[PDB]
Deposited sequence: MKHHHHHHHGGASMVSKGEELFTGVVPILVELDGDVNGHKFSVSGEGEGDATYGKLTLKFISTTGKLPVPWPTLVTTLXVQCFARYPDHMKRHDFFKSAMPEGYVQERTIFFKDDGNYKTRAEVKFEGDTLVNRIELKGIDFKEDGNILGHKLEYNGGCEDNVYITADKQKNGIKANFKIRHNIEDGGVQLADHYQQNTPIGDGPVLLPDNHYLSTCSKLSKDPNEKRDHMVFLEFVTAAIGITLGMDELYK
């Protein structure tokens, strides 16, 4: 099925068109993903100058089909099973005491390259807030508690989760995510049982890149792993 499209290294193209409080911007990303290891290596650049929003706020928006699903859970990998036709990934991201992002992305194969084409709209942001004021630390993090549930009404997936962006000089800016995914193609997709995704992201800089950019390394993998110590008495 679509899982066989992720047996090896797959090129990735990411295109984001954003508009936050009237500030329009465009981000392009290139890299590769190895679903066998859940590994993502991507370099995003701003094609419109200095970003009006911090890079960490765009991480979740800027390809969960590269998540490492264990062998016994491949029967519930909706993201890969929707390929190559792909899926629509929609999100609303509420930044606590600030504005919100509304994103709609189409994730699909275009040849041998997996493309994530995104439209982002942000409203109600404070000019002196943590987002428009660039008060967030430039770093990623690990979020091991992301519950993916089946949305049989839309024949896809829904999920809600909180992202915690560290504020410079202390504090945490919360980003409440509400996500739904629906297949683009008519073909059968694997409606999953409820499970979890664990993601660790590392944000860095290319020393030879002059444009506003983000060097991005991410490991993402897919159930209740409690009680592992039971096997060892």
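Against the full deposited sequence, the model leaves out several stretches, namely 1-16, 79, 240-241.
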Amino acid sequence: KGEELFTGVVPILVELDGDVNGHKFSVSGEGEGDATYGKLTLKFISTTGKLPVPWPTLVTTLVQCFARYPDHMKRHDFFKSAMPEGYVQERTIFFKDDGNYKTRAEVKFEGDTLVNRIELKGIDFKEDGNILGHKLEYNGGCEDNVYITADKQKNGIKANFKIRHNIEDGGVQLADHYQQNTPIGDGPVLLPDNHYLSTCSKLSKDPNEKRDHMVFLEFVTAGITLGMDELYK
From here on, numbers count along this sequence of modelled residues.
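As recorded in the PDB entry, 178-186 is the stretch of 178-186 and 51-59 with the greater mean C-alpha temperature factor. As recorded in the PDB entry, 66-74 is the stretch of 66-74 and 38-46 with the greater mean C-alpha temperature factor. Which of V107, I93, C142, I131 has the largest Cα B-factor in the deposited entry comes down to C142. When the C-alpha B-factors of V146, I163, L114, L120 are ranked from the entry, the top spot goes to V146.
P207: CA B factor lies in the highest third for its chain, per the PDB record. Annotation for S198: C-alpha temperature factor in the highest third relative to the rest of the modelled chain, per the entry. In the deposited entry, the Cα temperature factor of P84 sits in the middle third of values across the chain's modelled residues.
Residue-level temperature factors show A159 in the middle third of its chain, judged at the C-alpha atom.
Ranked against the other modelled residues of its chain, the C-alpha B-factor of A222 as given in the entry falls in the highest third.
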